[PDB]
Amino acid sequence: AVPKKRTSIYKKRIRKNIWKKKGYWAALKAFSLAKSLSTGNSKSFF
Amino acid sequence: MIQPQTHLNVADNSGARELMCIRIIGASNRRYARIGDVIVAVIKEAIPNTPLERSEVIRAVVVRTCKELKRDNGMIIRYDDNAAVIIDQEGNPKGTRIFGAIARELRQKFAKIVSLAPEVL
Amino acid sequence: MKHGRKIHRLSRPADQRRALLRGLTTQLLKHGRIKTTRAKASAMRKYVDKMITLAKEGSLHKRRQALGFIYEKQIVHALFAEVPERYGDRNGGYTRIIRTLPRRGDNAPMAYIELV
Amino acid sequence: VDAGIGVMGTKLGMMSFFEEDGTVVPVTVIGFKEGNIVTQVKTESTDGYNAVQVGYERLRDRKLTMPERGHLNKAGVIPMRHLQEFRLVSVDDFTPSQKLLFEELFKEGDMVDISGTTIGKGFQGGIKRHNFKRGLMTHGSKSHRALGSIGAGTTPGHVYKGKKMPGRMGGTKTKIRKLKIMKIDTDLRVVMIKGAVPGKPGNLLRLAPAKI
RNA sequence: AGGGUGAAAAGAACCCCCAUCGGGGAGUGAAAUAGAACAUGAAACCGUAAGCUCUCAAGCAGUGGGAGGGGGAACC
RNA sequence: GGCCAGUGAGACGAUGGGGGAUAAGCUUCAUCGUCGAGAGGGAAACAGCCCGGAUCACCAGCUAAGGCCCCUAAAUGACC
RNA sequence: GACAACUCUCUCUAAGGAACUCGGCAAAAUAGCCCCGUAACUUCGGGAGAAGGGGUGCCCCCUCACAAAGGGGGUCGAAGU
RNA sequence: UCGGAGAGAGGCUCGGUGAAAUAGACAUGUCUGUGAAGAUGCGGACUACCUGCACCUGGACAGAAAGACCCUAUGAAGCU
RNA sequence: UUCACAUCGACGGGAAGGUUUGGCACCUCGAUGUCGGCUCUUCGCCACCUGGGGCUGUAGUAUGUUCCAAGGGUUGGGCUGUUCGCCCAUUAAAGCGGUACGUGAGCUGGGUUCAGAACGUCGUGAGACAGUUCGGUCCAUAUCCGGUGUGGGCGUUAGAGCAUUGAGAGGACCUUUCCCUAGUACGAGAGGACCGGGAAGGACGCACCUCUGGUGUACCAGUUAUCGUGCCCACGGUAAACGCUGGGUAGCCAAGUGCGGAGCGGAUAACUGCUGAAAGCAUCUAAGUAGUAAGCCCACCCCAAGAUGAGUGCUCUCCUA
RNA sequence: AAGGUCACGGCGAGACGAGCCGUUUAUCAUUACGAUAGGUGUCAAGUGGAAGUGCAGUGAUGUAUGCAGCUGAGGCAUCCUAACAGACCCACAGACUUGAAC
């Protein structure tokens, strides 16, 4: 239940990178929502 | 659906009045005994003048059972009272008169049982 | 497993989920717009459509149905005494789910209901 | 390899067929959205084995890619969503061009084995995937329904692989064998196939005679 | 437990982003990448950029040999 | 002799023995070896077996114990 | 938001009813007010609410105090504290 | 017996705030063999793209408290 | 009965095992948490039962023993905290073991090694007994290896869609009773054939909702108390999730239903052989060949080209810079 | 570019990624394909006789209108509502050797 030994810098950088990157993928979605919200026919955002 | 600790009635006048089922015979399943099988019933209490007394392990048949009962035609008979009939392992009962209906299919194995019923159905 | 079950249920227990749908539809039929999280939008969609059609047939019995569902008393009388003109021959599909930006604080998807 | 070419239908509910003898038998009901047509045949020389590629569920061209429609087009057939081939003992006598087949055949081969994607039950636990048992529910017990032990002490030093952990249960196709065909109706092009066959009504259902 | 802007507050007029938090110019000062959680500023630890390199791998991870490449044109 | 230490239950191997059951990687003593305090090569790995004793440098050579089909050096060399 | 497994707080579970288990532990089950009856023992106080059995919802009616309760009749549900 | 379905709170995913004990460094395979005689760290063979998330707990002689059982100390203390 | 070896084998001898009781005391006292149950393994055989065989003091039916055989199987209870310690009822049989006397970072704590108390006994006494007796909070949000699932990048050398062979790996090939053979063979009779067919089961495994049902907090209906909708009627709320109850479609389940363990074919082990010398007889073997086991391999069923040995082919996609 | 991914509508798919099917003039027409979710209309199915009014009853309560009424995550029909707007990744012929045929 209790960890044996601290992880390296190596591994941790790997996972933090996966975290942030997991944030990377979820921008270009918001950028599509932006580039579509620039005035255009649509039924959303009253 | 007779576990090995059920109280059955009896369907005859052999002398028993109810009787615990012990560990059915034949089908190696024994976690479930249904119509047409045999069980090792130890008498529970009996009419007190009978040659089947308090706690005499004996072998008997199941003739009525509250669980459903499939058929071929697609009907399902289900009584309300789990019942047995004390048996010998070479045929006939040892109670002469039989109470209540039975199932006709057990005829093809228990002919003498069925002949003595008042309702073969 | 869900398989087959199609009762949209919200984050809430049974009783409170009922109450949320009744209050929330009341306030729709009151204002015409509304802002609820998307899930509540769907769950509304069903019931408010039921009330509309329940007003499309203004007999007493039905009027007492609706009188029993909706909280606010007079929104009902206004409603069934008003709509079989509005929704004459619209024939089902009464709402509209024009959606909108999420909710700062949860980033909870948030939508915005109409009646049309 | 399979005994003969087969078809693929669709599960359509179940029912009972009262046999005129007066016995009750359950059945399912197989249906074809669109008819099975051969769309290929591969030899032992040109390709590595022998098989015929049938297709099912004709669909609009849009629904379907360019490589597909080209593959379908080359053989001169209609579109079709599903597409599978029966590898067949290398005796193929089929023109890969739209030999629309039929059930003139399964009524003779009165035992059919079908291949169906079962239904899917998510991430089921130990007690249900593998038919485990469970600890006592009372008597101070504190581990119900949990997977219990895993292995031995220091020596095995780990968990033998292929251990029966929990995991995803359904969703992979399964056979069902020596399942017998039963009175069929060609006007409705429906099959009344006894038994119970993988899948809630509406999934593709391969269907091919036995491999006894 | 909590010390050390500057020699002198000369501690930042004015402008812009501006919920007046915090900043970029302008100005002061020799210097403010000395600007007020401000004097030298090490190591652990957190990033950034450039050079070469790891996805059939096996290792107290260094060492002797050095393929290939990058550097100022034999040494790293 | 002076000035001063550390050490005080060693281990195994060979031999002669006691105890044990001529059992123990057991225990106990006597005479030697290695380890302890000692590297290196053979033993696949492997304190206590074999050769051997490390001041350093050498991209020089001859051998000991052991070895010469491949992984690893060296005859898949001779004849009985 | 979704609604995996699994732990907990809970409801139900066909047929059997302790077979589970160290032990029916933990659940479930009785239960209120009237009315009948209440044993072995005993220090003769107790046991004893022993045990066990029955009715009880609403309407109508007159009596017994004639405040309650009881008697008669009816109606309803599967189930009447 | 012999499980099963269900509601709630957690678990799960997304937005916000954000600990912990442990921690030589870990680039942290399986079987056998060896070895202070029960090794991911040595030898031989097999096996294994890199790296996530959920889930279980057999190992890392896993964490916790310089054992509380046993013994010792010309230890301490209580009682007779 | 005679007959050493069908069977038991006195007297003595030679081994393998490593699990009982032990001997040493080598690791571990800055800690390696004990007995027995639950759940889940997996492995060994010297084999209890199912498959085949000799020999039998085997007429048959039972056997007794050995031989190859671990693929499978190896009940439910009563008593005790207590694995052949045991009676009951079966059953084909109801094995012995290893896995830190498997498994407490998975569970219980009945026992033992805590503080209370008492009985017998020892001690004048405090107290004590590997004697007994009643009570006595067994802690945990996985870093890593391991395992079950599922993904993403990247490799597959242009880039992609489908279909796919399959090296490898996995699950399953299990087992009883009846009937025909046939009361036949065999037997003085009692009894009563394993050569092959046919059915019913059993455990198990994969599924499915047609039926029977469980739950179904979507739903309908009865109803208790109370508050609200002005009021009567009709409703709504409330009673650890819905007050308590009846009924229930779908879903998921089972005590329900459907199916499944195969013509299988190839090598074999024990064993029986065929031809046949070494050895001018013989011998299953030395040459060569035949039969034959639930055991091995393929077949069956499910994955599977990350099989970096990265396969296959029929379609697509663009050569303007 | 072929193909994707995202987005949008959801599922007999699912812990999240996955999967799978949609994504509107959502045909029109002479025998199958273009209804994805909702709503609506109808039918299976469940429960079981609604409300109001009338009649019979002094009153509980019954009775007729009436397999009605509330149900309608299942079946088809229906574009009424929503699949609008988009956005993004993806490229230019796939280095080096000989062999062979014209």
# chains A, B, ... in the order shown; residues from 1 in each chain; ligands from 1
>>> interface_residues(of="chain B", to="chain I", cutoff="7 Å", atoms="only C-alpha atoms (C1' of nucleotides)", output="PyMOL selection string")
chain B and resi 22-23+25+27-29
>>> residues_around(residues="region 7-13 of chain I", least_positions_apart="2", cutoff="12 Å", atoms="only C-alpha atoms (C1' of nucleotides)", output="PDB file with N, CA, C and O atoms (P, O5', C5', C4', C3', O3' and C1' of nucleotides), in the first residue's frame")
ATOM      1  P     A I   4       7.799 -76.600  -2.635  1.00  0.00           P
ATOM      2  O5'   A I   4       7.881 -75.088  -2.161  1.00  0.00           O
ATOM      3  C5'   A I   4       7.659 -74.037  -3.085  1.00  0.00           C
ATOM      4  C4'   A I   4       7.365 -72.747  -2.375  1.00  0.00           C
ATOM      5  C3'   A I   4       7.071 -71.557  -3.270  1.00  0.00           C
ATOM      6  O3'   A I   4       5.714 -71.518  -3.679  1.00  0.00           O
ATOM      7  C1'   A I   4       8.672 -70.949  -1.646  1.00  0.00           C
ATOM      8  P     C I   5       5.318 -71.650  -5.228  1.00  0.00           P
ATOM      9  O5'   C I   5       5.086 -70.148  -5.678  1.00  0.00           O
ATOM     10  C5'   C I   5       4.280 -69.283  -4.900  1.00  0.00           C
ATOM     11  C4'   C I   5       4.799 -67.874  -4.952  1.00  0.00           C
ATOM     12  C3'   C I   5       4.958 -67.288  -6.343  1.00  0.00           C
ATOM     13  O3'   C I   5       3.749 -66.776  -6.858  1.00  0.00           O
ATOM     14  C1'   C I   5       6.916 -66.891  -5.103  1.00  0.00           C
ATOM     15  P     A I  15      23.017 -49.019   0.904  1.00  0.00           P
ATOM     16  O5'   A I  15      22.155 -48.612  -0.366  1.00  0.00           O
ATOM     17  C5'   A I  15      21.412 -47.409  -0.392  1.00  0.00           C
ATOM     18  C4'   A I  15      20.288 -47.469  -1.393  1.00  0.00           C
ATOM     19  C3'   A I  15      19.458 -46.210  -1.508  1.00  0.00           C
ATOM     20  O3'   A I  15      20.054 -45.253  -2.359  1.00  0.00           O
ATOM     21  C1'   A I  15      18.034 -48.089  -1.349  1.00  0.00           C
ATOM     22  P     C I  55      -1.469 -64.282 -19.004  1.00  0.00           P
ATOM     23  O5'   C I  55      -1.235 -64.727 -17.499  1.00  0.00           O
ATOM     24  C5'   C I  55       0.085 -64.876 -17.010  1.00  0.00           C
ATOM     25  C4'   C I  55       0.136 -64.781 -15.513  1.00  0.00           C
ATOM     26  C3'   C I  55      -0.946 -65.525 -14.769  1.00  0.00           C
ATOM     27  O3'   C I  55      -0.721 -66.914 -14.693  1.00  0.00           O
ATOM     28  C1'   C I  55      -0.696 -63.391 -13.837  1.00  0.00           C
ATOM     29  P     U I  56      -1.966 -67.914 -14.747  1.00  0.00           P
ATOM     30  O5'   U I  56      -2.794 -67.551 -13.439  1.00  0.00           O
ATOM     31  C5'   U I  56      -2.219 -67.731 -12.159  1.00  0.00           C
ATOM     32  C4'   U I  56      -3.104 -67.213 -11.057  1.00  0.00           C
ATOM     33  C3'   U I  56      -4.462 -67.861 -10.945  1.00  0.00           C
ATOM     34  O3'   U I  56      -4.393 -69.127 -10.316  1.00  0.00           O
ATOM     35  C1'   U I  56      -4.674 -65.518 -10.696  1.00  0.00           C
ATOM     36  P     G I  57      -5.400 -70.299 -10.744  1.00  0.00           P
ATOM     37  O5'   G I  57      -6.664 -70.059  -9.807  1.00  0.00           O
ATOM     38  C5'   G I  57      -7.300 -71.133  -9.133  1.00  0.00           C
ATOM     39  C4'   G I  57      -7.220 -70.962  -7.636  1.00  0.00           C
ATOM     40  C3'   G I  57      -6.898 -69.558  -7.150  1.00  0.00           C
ATOM     41  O3'   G I  57      -8.073 -68.779  -7.008  1.00  0.00           O
ATOM     42  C1'   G I  57      -5.523 -71.150  -6.036  1.00  0.00           C
ATOM     43  P     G I  64     -10.194 -56.353  -5.067  1.00  0.00           P
ATOM     44  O5'   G I  64      -9.161 -57.563  -5.044  1.00  0.00           O
ATOM     45  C5'   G I  64      -9.052 -58.421  -3.916  1.00  0.00           C
ATOM     46  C4'   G I  64      -7.724 -59.125  -3.916  1.00  0.00           C
ATOM     47  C3'   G I  64      -6.549 -58.253  -4.314  1.00  0.00           C
ATOM     48  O3'   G I  64      -6.035 -57.545  -3.199  1.00  0.00           O
ATOM     49  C1'   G I  64      -6.497 -60.279  -5.546  1.00  0.00           C
ATOM     50  P     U I  65      -4.958 -56.378  -3.397  1.00  0.00           P
ATOM     51  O5'   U I  65      -3.598 -57.168  -3.651  1.00  0.00           O
ATOM     52  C5'   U I  65      -2.485 -56.526  -4.244  1.00  0.00           C
ATOM     53  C4'   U I  65      -1.821 -57.410  -5.262  1.00  0.00           C
ATOM     54  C3'   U I  65      -1.029 -56.695  -6.339  1.00  0.00           C
ATOM     55  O3'   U I  65       0.266 -56.332  -5.902  1.00  0.00           O
ATOM     56  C1'   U I  65      -2.365 -58.398  -7.304  1.00  0.00           C
ATOM     57  P     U I  66       0.558 -54.843  -5.386  1.00  0.00           P
ATOM     58  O5'   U I  66       1.904 -54.446  -6.131  1.00  0.00           O
ATOM     59  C5'   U I  66       1.878 -53.858  -7.422  1.00  0.00           C
ATOM     60  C4'   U I  66       2.225 -54.854  -8.497  1.00  0.00           C
ATOM     61  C3'   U I  66       2.424 -54.273  -9.886  1.00  0.00           C
ATOM     62  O3'   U I  66       3.722 -53.754 -10.075  1.00  0.00           O
ATOM     63  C1'   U I  66       0.951 -56.091 -10.025  1.00  0.00           C
TER      64        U I  66
END
>>> select_by_dssp(residues="chain C", states="helix (DSSP H, G or I)", output="PyMOL selection string")
chain C and resi 14-31+38-55+60-69+73-80+83-86
>>> closest_atom_pairs(of="chain D", to="chain B", cutoff="10 Å", atoms="only C-alpha atoms", output="JSON lines")
{"residue": "D:18", "atom": "CA", "partner": "B:73", "partner_atom": "CA", "distance": 9.1}
{"residue": "D:19", "atom": "CA", "partner": "B:73", "partner_atom": "CA", "distance": 9.6}
{"residue": "D:21", "atom": "CA", "partner": "B:73", "partner_atom": "CA", "distance": 9.0}
{"residue": "D:22", "atom": "CA", "partner": "B:73", "partner_atom": "CA", "distance": 5.8}
{"residue": "D:23", "atom": "CA", "partner": "B:73", "partner_atom": "CA", "distance": 4.8}
{"residue": "D:24", "atom": "CA", "partner": "B:74", "partner_atom": "CA", "distance": 5.7}
{"residue": "D:25", "atom": "CA", "partner": "B:74", "partner_atom": "CA", "distance": 8.8}
>>> interface_residues(of="chain C", to="chain H", cutoff="7 Å", atoms="only C-alpha atoms (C1' of nucleotides)", output="number ranges by chain")
C: 13, 105-107
>>> select_by_dssp(residues="chain B", states="strand (DSSP E or B)", output="MDAnalysis selection string")
chainID B and resid 2 7:10 12 16:25 33 38:46 57:64 83:88 91:93 98 101 119
>>> closest_residue(among="D:66, D:193, D:51, D:5", to="residue 208 (chain D)", atoms="only C-alpha atoms")
D:5
>>> residues_around(residues="residue 12 (chain J)", least_positions_apart="2", cutoff="9 Å", atoms="only C-alpha atoms (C1' of nucleotides)", output="number ranges by chain")
C: 3-4; D: 119-120, 199-203
>>> write_last_selection(atoms="N, CA, C and O atoms", output="PDB file, in the first residue's frame")
ATOM      1  N   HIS C   3     -28.215  -2.139 -20.214  1.00  0.00           N
ATOM      2  CA  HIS C   3     -28.791  -2.554 -21.485  1.00  0.00           C
ATOM      3  C   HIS C   3     -30.304  -2.518 -21.433  1.00  0.00           C
ATOM      4  O   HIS C   3     -30.919  -3.192 -20.608  1.00  0.00           O
ATOM      5  N   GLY C   4     -30.913  -1.700 -22.286  1.00  0.00           N
ATOM      6  CA  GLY C   4     -32.347  -1.622 -22.392  1.00  0.00           C
ATOM      7  C   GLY C   4     -33.026  -0.536 -21.581  1.00  0.00           C
ATOM      8  O   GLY C   4     -34.066  -0.041 -22.001  1.00  0.00           O
TER       9      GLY C   4
ATOM     10  N   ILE D 119     -23.919 -10.800 -26.801  1.00  0.00           N
ATOM     11  CA  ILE D 119     -24.137  -9.466 -26.266  1.00  0.00           C
ATOM     12  C   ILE D 119     -23.088  -9.217 -25.200  1.00  0.00           C
ATOM     13  O   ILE D 119     -22.421 -10.133 -24.732  1.00  0.00           O
ATOM     14  N   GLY D 120     -22.923  -7.965 -24.833  1.00  0.00           N
ATOM     15  CA  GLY D 120     -21.759  -7.527 -24.086  1.00  0.00           C
ATOM     16  C   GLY D 120     -22.142  -7.000 -22.721  1.00  0.00           C
ATOM     17  O   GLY D 120     -23.063  -6.200 -22.593  1.00  0.00           O
ATOM     18  N   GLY D 199     -27.253 -13.338 -29.406  1.00  0.00           N
ATOM     19  CA  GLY D 199     -27.471 -11.938 -29.689  1.00  0.00           C
ATOM     20  C   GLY D 199     -28.894 -11.458 -29.590  1.00  0.00           C
ATOM     21  O   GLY D 199     -29.828 -12.156 -29.985  1.00  0.00           O
ATOM     22  N   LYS D 200     -29.062 -10.254 -29.061  1.00  0.00           N
ATOM     23  CA  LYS D 200     -30.358  -9.611 -29.064  1.00  0.00           C
ATOM     24  C   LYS D 200     -30.797  -9.335 -30.495  1.00  0.00           C
ATOM     25  O   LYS D 200     -29.972  -9.001 -31.343  1.00  0.00           O
ATOM     26  N   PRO D 201     -32.086  -9.432 -30.774  1.00  0.00           N
ATOM     27  CA  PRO D 201     -32.554  -9.377 -32.158  1.00  0.00           C
ATOM     28  C   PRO D 201     -32.033  -8.200 -32.939  1.00  0.00           C
ATOM     29  O   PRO D 201     -32.328  -7.048 -32.627  1.00  0.00           O
ATOM     30  N   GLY D 202     -31.262  -8.490 -33.964  1.00  0.00           N
ATOM     31  CA  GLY D 202     -30.806  -7.430 -34.815  1.00  0.00           C
ATOM     32  C   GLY D 202     -29.319  -7.410 -35.034  1.00  0.00           C
ATOM     33  O   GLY D 202     -28.794  -6.409 -35.521  1.00  0.00           O
ATOM     34  N   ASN D 203     -28.616  -8.478 -34.697  1.00  0.00           N
ATOM     35  CA  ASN D 203     -27.219  -8.526 -35.067  1.00  0.00           C
ATOM     36  C   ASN D 203     -27.004  -9.563 -36.152  1.00  0.00           C
ATOM     37  O   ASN D 203     -27.790 -10.493 -36.318  1.00  0.00           O
TER      38      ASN D 203
END
>>> residues_around(residues="residue 30 (chain A)", least_positions_apart="5", cutoff="12 Å", atoms="only C-alpha atoms (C1' of nucleotides)", output="list in words")
residues 23, 24, 25, 35, 36 and 37 of chain A; 101 and 102 of chain C; 6, 7, 86, 87 and 88 of chain J
>>> atom_distance(atom1="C1' of residue 54 (chain H)", atom2="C1' of residue 14 (chain J)")
12.9 Å
>>> residues_around(residues="residue 24 (chain E)", least_positions_apart="3", cutoff="12 Å", atoms="only C-alpha atoms (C1' of nucleotides)", output="PyMOL selection string")
chain E and resi 15-17
>>> write_last_selection(atoms="C-alpha atoms (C1' of nucleotides)", output="PDB file, in the first residue's frame")
ATOM      1  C1'   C E  15       1.695  56.908 -20.616  1.00  0.00           C
ATOM      2  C1'   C E  16      -0.592  52.120 -22.083  1.00  0.00           C
ATOM      3  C1'   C E  17      -3.010  46.644 -20.496  1.00  0.00           C
TER       4        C E  17
END
>>> residues_around(residues="residue 82 (chain J)", least_positions_apart="6", cutoff="8 Å", atoms="only C-alpha atoms (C1' of nucleotides)", output="list in words")
residues 96 and 97 of chain C; 9 of chain J
>>> residues_around(residues="region 12-19 of chain G", least_positions_apart="4", cutoff="12 Å", atoms="only C-alpha atoms (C1' of nucleotides)", output="PyMOL selection string")
(chain B and resi 1-8+20-23+31-34+65-69+78-82) or (chain G and resi 23-24+28) or (chain H and resi 1+3-7) or (chain I and resi 76-78+212-217+253-256)
>>> write_last_selection(atoms="C-alpha atoms (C1' of nucleotides)", output="PDB file, in the first residue's frame")
ATOM      1  CA  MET B   1     -36.874 -28.969  -5.663  1.00  0.00           C
ATOM      2  CA  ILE B   2     -36.229 -31.047  -2.600  1.00  0.00           C
ATOM      3  CA  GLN B   3     -33.108 -30.060  -0.755  1.00  0.00           C
ATOM      4  CA  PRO B   4     -31.911 -32.645   1.759  1.00  0.00           C
ATOM      5  CA  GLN B   5     -33.636 -31.086   4.785  1.00  0.00           C
ATOM      6  CA  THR B   6     -37.253 -30.721   3.707  1.00  0.00           C
ATOM      7  CA  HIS B   7     -40.336 -31.958   5.496  1.00  0.00           C
ATOM      8  CA  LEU B   8     -42.543 -33.853   3.098  1.00  0.00           C
ATOM      9  CA  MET B  20     -37.121 -35.505   6.459  1.00  0.00           C
ATOM     10  CA  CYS B  21     -35.507 -36.127   3.122  1.00  0.00           C
ATOM     11  CA  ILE B  22     -31.892 -37.219   3.296  1.00  0.00           C
ATOM     12  CA  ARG B  23     -29.621 -37.059   0.338  1.00  0.00           C
ATOM     13  CA  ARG B  31     -28.623 -30.632  -4.572  1.00  0.00           C
ATOM     14  CA  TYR B  32     -32.072 -30.751  -6.104  1.00  0.00           C
ATOM     15  CA  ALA B  33     -34.566 -33.627  -6.208  1.00  0.00           C
ATOM     16  CA  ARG B  34     -37.727 -33.347  -8.236  1.00  0.00           C
ATOM     17  CA  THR B  65     -43.735 -30.825  -5.321  1.00  0.00           C
ATOM     18  CA  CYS B  66     -44.384 -27.118  -5.079  1.00  0.00           C
ATOM     19  CA  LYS B  67     -41.844 -26.129  -7.701  1.00  0.00           C
ATOM     20  CA  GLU B  68     -43.094 -25.978 -11.267  1.00  0.00           C
ATOM     21  CA  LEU B  69     -43.299 -29.125 -13.386  1.00  0.00           C
ATOM     22  CA  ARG B  78     -47.617 -27.367  -9.341  1.00  0.00           C
ATOM     23  CA  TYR B  79     -49.218 -28.569  -6.143  1.00  0.00           C
ATOM     24  CA  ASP B  80     -49.024 -26.842  -2.788  1.00  0.00           C
ATOM     25  CA  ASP B  81     -47.644 -29.631  -0.579  1.00  0.00           C
ATOM     26  CA  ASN B  82     -44.384 -31.497  -0.961  1.00  0.00           C
TER      27      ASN B  82
ATOM     28  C1'   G G  23     -22.144 -20.850  18.043  1.00  0.00           C
ATOM     29  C1'   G G  24     -29.329 -19.504  14.143  1.00  0.00           C
ATOM     30  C1'   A G  28     -36.535 -12.107   9.266  1.00  0.00           C
TER      31        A G  28
ATOM     32  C1'   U H   1     -28.301 -24.431  -0.706  1.00  0.00           C
ATOM     33  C1'   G H   3     -27.000 -16.920  -6.182  1.00  0.00           C
ATOM     34  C1'   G H   4     -29.984 -12.554  -8.623  1.00  0.00           C
ATOM     35  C1'   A H   5     -32.175  -7.811  -9.522  1.00  0.00           C
ATOM     36  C1'   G H   6     -32.742  -3.084  -7.550  1.00  0.00           C
ATOM     37  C1'   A H   7     -32.246   2.450  -4.870  1.00  0.00           C
TER      38        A H   7
ATOM     39  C1'   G I  76     -23.774 -34.047   2.038  1.00  0.00           C
ATOM     40  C1'   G I  77     -23.840 -34.154   6.978  1.00  0.00           C
ATOM     41  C1'   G I  78     -23.637 -35.234  13.004  1.00  0.00           C
ATOM     42  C1'   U I 212     -42.340 -20.745 -15.931  1.00  0.00           C
ATOM     43  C1'   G I 213     -40.788 -17.421 -12.341  1.00  0.00           C
ATOM     44  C1'   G I 214     -37.160 -13.372  -9.117  1.00  0.00           C
ATOM     45  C1'   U I 215     -36.236  -8.156  -9.208  1.00  0.00           C
ATOM     46  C1'   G I 216     -37.824  -4.524 -11.849  1.00  0.00           C
ATOM     47  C1'   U I 217     -37.409   2.769  -7.012  1.00  0.00           C
ATOM     48  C1'   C I 253     -31.015 -13.051 -14.129  1.00  0.00           C
ATOM     49  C1'   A I 254     -32.317 -18.726 -12.813  1.00  0.00           C
ATOM     50  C1'   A I 255     -34.431 -23.014  -9.781  1.00  0.00           C
ATOM     51  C1'   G I 256     -36.176 -21.978 -17.256  1.00  0.00           C
TER      52        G I 256
END
